[PDB]
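Listing of coords28.txt; format and content: compact mmCIF, C-alpha atoms.
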# COMPACT_ATOMS: atom_id res chain seq x y z
CA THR Z 1 156.18 9.15 -41.74
CA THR Z 2 156.19 5.41 -42.48
CA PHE Z 3 153.70 3.51 -44.65
CA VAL Z 4 152.74 -0.18 -44.56
CA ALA Z 5 152.03 -2.32 -47.59
CA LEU Z 6 148.45 -3.49 -47.75
CA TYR Z 7 149.18 -5.96 -50.55
CA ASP Z 8 152.02 -7.77 -52.19
CA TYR Z 9 153.36 -6.08 -55.32
CA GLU Z 10 155.78 -7.68 -57.80
CA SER Z 11 158.12 -5.31 -59.64
CA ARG Z 12 157.34 -5.21 -63.33
CA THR Z 13 160.25 -3.05 -64.51
CA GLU Z 14 163.77 -2.07 -63.50
CA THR Z 15 162.49 0.98 -61.63
CA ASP Z 16 159.61 -0.20 -59.46
CA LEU Z 17 159.98 -1.65 -55.94
CA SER Z 18 158.67 -5.06 -54.95
CA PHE Z 19 157.18 -5.48 -51.52
CA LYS Z 20 155.18 -7.94 -49.48
CA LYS Z 21 152.05 -7.17 -47.51
CA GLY Z 22 153.08 -5.80 -44.14
CA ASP Z 23 156.39 -4.37 -45.29
CA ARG Z 24 157.27 -0.91 -43.98
CA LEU Z 25 158.13 1.80 -46.49
CA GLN Z 26 159.35 5.34 -46.30
CA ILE Z 27 158.63 7.86 -48.96
CA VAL Z 28 161.66 9.47 -50.53
CA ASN Z 29 161.76 13.13 -51.61
CA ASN Z 30 162.61 13.38 -55.33
CA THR Z 31 162.87 16.34 -57.69
CA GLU Z 32 160.43 14.77 -60.12
CA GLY Z 33 157.38 14.68 -57.81
CA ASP Z 34 154.76 11.97 -57.79
CA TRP Z 35 154.32 10.13 -61.08
CA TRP Z 36 151.00 10.16 -62.92
CA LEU Z 37 149.66 8.06 -65.74
CA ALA Z 38 149.00 10.49 -68.54
CA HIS Z 39 147.73 10.51 -72.10
CA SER Z 40 149.32 12.91 -74.54
CA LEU Z 41 146.84 14.99 -76.56
CA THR Z 42 149.77 16.03 -78.70
CA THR Z 43 151.18 12.66 -79.73
CA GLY Z 44 148.57 10.17 -78.69
CA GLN Z 45 151.18 8.27 -76.57
CA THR Z 46 150.40 7.18 -73.00
CA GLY Z 47 152.47 6.45 -69.91
CA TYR Z 48 153.82 7.71 -66.64
CA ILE Z 49 155.05 11.30 -66.26
CA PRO Z 50 156.79 13.21 -63.49
CA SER Z 51 154.19 15.51 -62.10
CA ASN Z 52 156.49 18.37 -61.28
CA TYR Z 53 157.11 18.73 -65.03
CA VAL Z 54 153.54 19.78 -65.90
CA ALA Z 55 151.00 22.41 -64.92
CA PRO Z 56 147.27 23.01 -65.26
CA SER Z 57 146.44 24.65 -68.59
CA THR R 1 141.39 18.92 -66.79
CA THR R 2 144.37 19.25 -69.15
CA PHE R 3 148.01 19.84 -68.16
CA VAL R 4 150.83 21.40 -70.18
CA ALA R 5 154.43 20.25 -70.14
CA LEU R 6 156.77 22.83 -68.70
CA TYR R 7 159.87 20.94 -69.85
CA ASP R 8 160.95 18.28 -72.27
CA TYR R 9 161.18 14.80 -70.77
CA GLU R 10 162.80 11.79 -72.47
CA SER R 11 161.38 8.38 -71.58
CA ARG R 12 163.90 6.30 -69.68
CA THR R 13 161.97 3.01 -69.53
CA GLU R 14 159.26 1.11 -71.37
CA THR R 15 156.57 2.60 -69.13
CA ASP R 16 157.20 6.33 -68.98
CA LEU R 17 155.88 8.88 -71.51
CA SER R 18 158.11 11.23 -73.45
CA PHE R 19 156.89 14.74 -74.08
CA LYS R 20 158.11 18.08 -75.32
CA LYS R 21 157.65 21.40 -73.58
CA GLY R 22 154.24 22.76 -74.47
CA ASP R 23 152.64 19.38 -75.09
CA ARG R 24 149.13 18.91 -73.69
CA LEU R 25 148.49 15.95 -71.40
CA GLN R 26 145.48 14.45 -69.75
CA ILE R 27 145.71 12.50 -66.57
CA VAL R 28 144.34 8.98 -66.73
CA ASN R 29 142.50 7.32 -63.84
CA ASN R 30 144.26 4.08 -62.82
CA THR R 31 143.61 1.58 -60.05
CA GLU R 32 147.15 1.89 -58.77
CA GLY R 33 147.03 5.59 -57.80
CA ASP R 34 149.92 8.00 -58.09
CA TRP R 35 153.37 6.41 -57.91
CA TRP R 36 155.82 7.36 -55.18
CA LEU R 37 159.52 6.78 -54.80
CA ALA R 38 159.86 4.70 -51.67
CA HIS R 39 162.55 3.08 -49.58
CA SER R 40 161.78 -0.27 -47.99
CA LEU R 41 162.62 -0.47 -44.27
CA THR R 42 162.04 -4.19 -44.56
CA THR R 43 164.38 -5.10 -47.41
CA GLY R 44 166.49 -2.03 -47.93
CA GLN R 45 165.41 -1.88 -51.64
CA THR R 46 164.27 1.40 -53.22
CA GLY R 47 162.02 2.33 -56.13
CA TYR R 48 158.62 3.42 -57.27
CA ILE R 49 155.45 2.03 -55.65
CA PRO R 50 151.76 2.35 -56.40
CA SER R 51 150.40 4.56 -53.70
CA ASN R 52 147.02 2.92 -53.40
CA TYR R 53 148.84 -0.20 -52.16
CA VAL R 54 150.11 1.36 -48.92
CA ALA R 55 148.76 3.16 -45.88
CA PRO R 56 150.08 5.31 -43.05
CA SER R 57 151.35 3.17 -40.17

For the file at hand, write its structure as structure tokens.
Amino acid sequence: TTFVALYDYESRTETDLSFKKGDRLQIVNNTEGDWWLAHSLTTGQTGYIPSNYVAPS
Amino acid sequence: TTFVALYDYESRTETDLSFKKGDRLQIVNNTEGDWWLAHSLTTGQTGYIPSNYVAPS
């Protein structure tokens, strides 16, 4: 299964991928799962987490 | 809806969130969607992309 970029995206960090509209991309299986933007009720910090690391309460 | 960390995770960049096992986290709605690890067929580069930016071929 192959995706196609609908928009350009410029990498903002050392871990994201830049692409131009029309580029073809393949998703890569990773242990961590999809990454979610999350807010910590425990610490008040906010940022991306690996979804396979968490569970519904 | 509130998640709970199953494991500790140490932030590796300026955008991820550290947490300890047992911490409580809330997912945050973002424009970008979940982030996926992707491999570019166009450039051969690899890294995380915002999923709302791409579509099935």

Select from chain Z every residue with an atom at most 7 Å from any atom of chain R, then for each give the shortest pair of atoms and their distance in Å to one decimal, using all atoms listed in the file, rows by chain and rising number, as a Markdown table.
| residue | atom | partner | partner_atom | distance |
| --- | --- | --- | --- | --- |
| Z:2 | CA | R:57 | CA | 5.8 |
| Z:3 | CA | R:56 | CA | 4.3 |
| Z:4 | CA | R:54 | CA | 5.3 |
| Z:5 | CA | R:54 | CA | 4.4 |
| Z:6 | CA | R:54 | CA | 5.3 |
| Z:7 | CA | R:53 | CA | 6.0 |
| Z:15 | CA | R:47 | CA | 5.7 |
| Z:16 | CA | R:48 | CA | 4.3 |
| Z:17 | CA | R:47 | CA | 4.5 |
| Z:23 | CA | R:42 | CA | 5.7 |
| Z:24 | CA | R:41 | CA | 5.4 |
| Z:25 | CA | R:40 | CA | 4.5 |
| Z:26 | CA | R:39 | CA | 5.1 |
| Z:27 | CA | R:38 | CA | 4.3 |
| Z:28 | CA | R:38 | CA | 5.2 |
| Z:34 | CA | R:36 | CA | 5.4 |
| Z:35 | CA | R:35 | CA | 5.0 |
| Z:36 | CA | R:34 | CA | 5.4 |
| Z:37 | CA | R:28 | CA | 5.5 |
| Z:38 | CA | R:27 | CA | 4.3 |
| Z:39 | CA | R:26 | CA | 5.1 |
| Z:40 | CA | R:25 | CA | 4.4 |
| Z:41 | CA | R:24 | CA | 5.4 |
| Z:42 | CA | R:23 | CA | 5.7 |
| Z:45 | CA | R:17 | CA | 6.9 |
| Z:46 | CA | R:17 | CA | 5.9 |
| Z:47 | CA | R:17 | CA | 4.5 |
| Z:48 | CA | R:16 | CA | 4.3 |
| Z:49 | CA | R:17 | CA | 5.8 |
| Z:53 | CA | R:6 | CA | 5.5 |
| Z:54 | CA | R:5 | CA | 4.4 |
| Z:55 | CA | R:3 | CA | 5.1 |
| Z:56 | CA | R:3 | CA | 4.4 |
| Z:57 | CA | R:3 | CA | 5.1 |

The coordinates of chain R, once least-squares superposed on chain Z over all sequentially paired C-alpha atoms, should be supplied as a compact mmCIF listing (two decimals) with C-alpha atoms, keeping the file's coordinate frame.
# COMPACT_ATOMS: atom_id res chain seq x y z
CA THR R 1 156.17 9.15 -41.74
CA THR R 2 156.19 5.41 -42.47
CA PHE R 3 153.70 3.51 -44.66
CA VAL R 4 152.74 -0.17 -44.56
CA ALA R 5 152.03 -2.32 -47.59
CA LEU R 6 148.45 -3.48 -47.75
CA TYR R 7 149.18 -5.95 -50.55
CA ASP R 8 152.02 -7.77 -52.20
CA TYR R 9 153.36 -6.08 -55.32
CA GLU R 10 155.78 -7.68 -57.80
CA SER R 11 158.12 -5.31 -59.64
CA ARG R 12 157.34 -5.21 -63.34
CA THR R 13 160.26 -3.05 -64.51
CA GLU R 14 163.77 -2.07 -63.50
CA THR R 15 162.48 0.98 -61.63
CA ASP R 16 159.61 -0.20 -59.46
CA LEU R 17 159.98 -1.66 -55.94
CA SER R 18 158.67 -5.06 -54.96
CA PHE R 19 157.18 -5.48 -51.52
CA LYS R 20 155.18 -7.94 -49.48
CA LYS R 21 152.06 -7.17 -47.51
CA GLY R 22 153.07 -5.79 -44.14
CA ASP R 23 156.39 -4.37 -45.29
CA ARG R 24 157.27 -0.91 -43.98
CA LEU R 25 158.13 1.80 -46.49
CA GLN R 26 159.35 5.34 -46.30
CA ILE R 27 158.63 7.85 -48.96
CA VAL R 28 161.66 9.47 -50.53
CA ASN R 29 161.76 13.12 -51.61
CA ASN R 30 162.61 13.39 -55.33
CA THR R 31 162.87 16.34 -57.69
CA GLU R 32 160.43 14.77 -60.12
CA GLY R 33 157.38 14.68 -57.81
CA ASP R 34 154.75 11.97 -57.79
CA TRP R 35 154.32 10.13 -61.09
CA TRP R 36 151.00 10.16 -62.92
CA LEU R 37 149.66 8.06 -65.74
CA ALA R 38 149.01 10.49 -68.55
CA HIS R 39 147.72 10.51 -72.09
CA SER R 40 149.33 12.91 -74.55
CA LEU R 41 146.84 14.99 -76.56
CA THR R 42 149.77 16.03 -78.70
CA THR R 43 151.18 12.66 -79.73
CA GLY R 44 148.57 10.17 -78.69
CA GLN R 45 151.18 8.27 -76.57
CA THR R 46 150.40 7.18 -73.00
CA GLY R 47 152.47 6.45 -69.90
CA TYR R 48 153.81 7.71 -66.64
CA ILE R 49 155.05 11.30 -66.25
CA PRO R 50 156.79 13.20 -63.49
CA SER R 51 154.19 15.51 -62.09
CA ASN R 52 156.49 18.38 -61.28
CA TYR R 53 157.10 18.73 -65.03
CA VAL R 54 153.54 19.78 -65.90
CA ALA R 55 151.00 22.41 -64.92
CA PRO R 56 147.27 23.01 -65.26
CA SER R 57 146.44 24.65 -68.59

Give, as JSON, the centre coordinates and the x, y and z edge lengths in Å to one decimal for an axis-aligned box around all listed atoms of range 32-39 of chain R, padded by 8 Å on each side.
{"center_x": 154.8, "center_y": 4.9, "center_z": -54.2, "size_x": 31.5, "size_y": 22.1, "size_z": 25.2}

Please complete range 37-49 of chain Z with N, CA and C atoms and give it back as a compact mmCIF listing (two decimals), in the frame of the given file.
# COMPACT_ATOMS: atom_id res chain seq x y z
N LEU Z 37 149.91 8.66 -64.44
CA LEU Z 37 149.66 8.06 -65.74
C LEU Z 37 148.95 9.11 -66.59
N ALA Z 38 149.50 9.38 -67.76
CA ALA Z 38 149.00 10.49 -68.54
C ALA Z 38 148.89 10.06 -69.99
N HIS Z 39 147.96 10.70 -70.68
CA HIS Z 39 147.73 10.51 -72.10
C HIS Z 39 148.07 11.81 -72.79
N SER Z 40 148.92 11.73 -73.80
CA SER Z 40 149.32 12.91 -74.54
C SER Z 40 148.29 13.29 -75.62
N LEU Z 41 147.67 14.45 -75.49
CA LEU Z 41 146.84 14.99 -76.56
C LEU Z 41 147.66 15.39 -77.79
N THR Z 42 148.95 15.60 -77.60
CA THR Z 42 149.77 16.03 -78.70
C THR Z 42 150.21 14.89 -79.57
N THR Z 43 150.60 13.75 -78.98
CA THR Z 43 151.18 12.66 -79.73
C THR Z 43 150.34 11.41 -79.74
N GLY Z 44 149.37 11.33 -78.85
CA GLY Z 44 148.57 10.17 -78.69
C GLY Z 44 149.25 9.06 -77.89
N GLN Z 45 150.49 9.25 -77.43
CA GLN Z 45 151.18 8.27 -76.57
C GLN Z 45 150.68 8.36 -75.13
N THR Z 46 150.89 7.29 -74.38
CA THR Z 46 150.40 7.18 -73.00
C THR Z 46 151.41 6.49 -72.10
N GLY Z 47 151.52 6.99 -70.87
CA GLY Z 47 152.47 6.45 -69.91
C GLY Z 47 152.76 7.42 -68.77
N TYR Z 48 153.66 7.00 -67.90
CA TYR Z 48 153.82 7.71 -66.64
C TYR Z 48 154.66 8.97 -66.86
N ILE Z 49 154.29 10.06 -66.18
CA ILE Z 49 155.05 11.30 -66.26
C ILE Z 49 155.42 11.82 -64.88
